[PDB]
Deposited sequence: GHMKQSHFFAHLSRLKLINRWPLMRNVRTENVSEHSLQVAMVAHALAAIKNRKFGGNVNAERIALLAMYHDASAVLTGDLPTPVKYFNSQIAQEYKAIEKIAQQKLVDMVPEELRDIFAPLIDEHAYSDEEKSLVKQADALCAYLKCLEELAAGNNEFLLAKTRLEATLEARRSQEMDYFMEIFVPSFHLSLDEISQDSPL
């Protein structure tokens, strides 16, 4: 019995994001997921280091790697309801069911977003919103105003998900994006 699990994960790089706008450069889910992982890990390490945190940052990188993994079954759906969130959970679950049985308990808590602690959830949602904001900033620096709307809207999401670790992040790493 062979497993199709990694065969499906290999198609992440095929799934394109932000379909409703002209993109100066088309982002795929695989590039996004690597950036969210790097960002969510950093947010966690900053939290731990500077803000009283006690979160497993390495664990948070791996959850970030897999946070949109079900896109390979569903496709990307641009965030602009309860039903969809439900479909995402079924897709996450079908992916889990592909993992060989003796391995399943390693991967379920990585793919199934029910398994995220409250803190792990906050950090990966903070990373995801930041990454989306960074995408907008790259596009606007490339002279593309189709992302102007989205930037402004993400500025609200980020204040909703505001933390000290995000504030540090925004102050220190974001201005080089402009």
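J.: Counting from 1 along the deposited sequence, give me every gap where there's no C-alpha, start to finish.
T.: Sequence ranges with no C-alpha atoms are 1-3, 84-91, 190-201.
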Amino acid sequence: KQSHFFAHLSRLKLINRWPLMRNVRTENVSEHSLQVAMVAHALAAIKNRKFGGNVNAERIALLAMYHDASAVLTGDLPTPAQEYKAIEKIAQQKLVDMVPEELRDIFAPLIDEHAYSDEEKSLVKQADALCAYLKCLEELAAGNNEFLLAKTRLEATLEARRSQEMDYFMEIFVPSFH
From here on, numbers count along this sequence of modelled residues.
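J.: Mean CA B-factor: is it higher for 146-154 or for 35-43?
T.: Per the PDB record, 146-154.
J.: Could you look up the Cα B-factor of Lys13 in the entry and say which third of the chain it sits in: lowest, middle or highest?
T.: For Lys13, whose C-alpha B-factor we compare with every modelled residue in the chain, the answer is the middle third.
J.: For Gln126, return the chain-relative third of its C-alpha B-factor as stated in the PDB record: lowest, middle or highest.
T.: It falls in the bottom third of the chain.
J.: Should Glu101 be placed in the lowest, middle or highest third of its chain by the C-alpha B factor in the entry?
T.: It falls in the bottom third of the chain.
J.: Going by what the PDB entry lists, where does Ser30 fall on CA B-factor within its chain: lowest, middle or highest third?
T.: Lowest third.
J.: Consider only the C-alpha atoms of the modelled residues in this chain, order them by B-factor as the entry records it, and name the third containing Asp118: lowest, middle or highest.
T.: It falls in the middle third of the chain.
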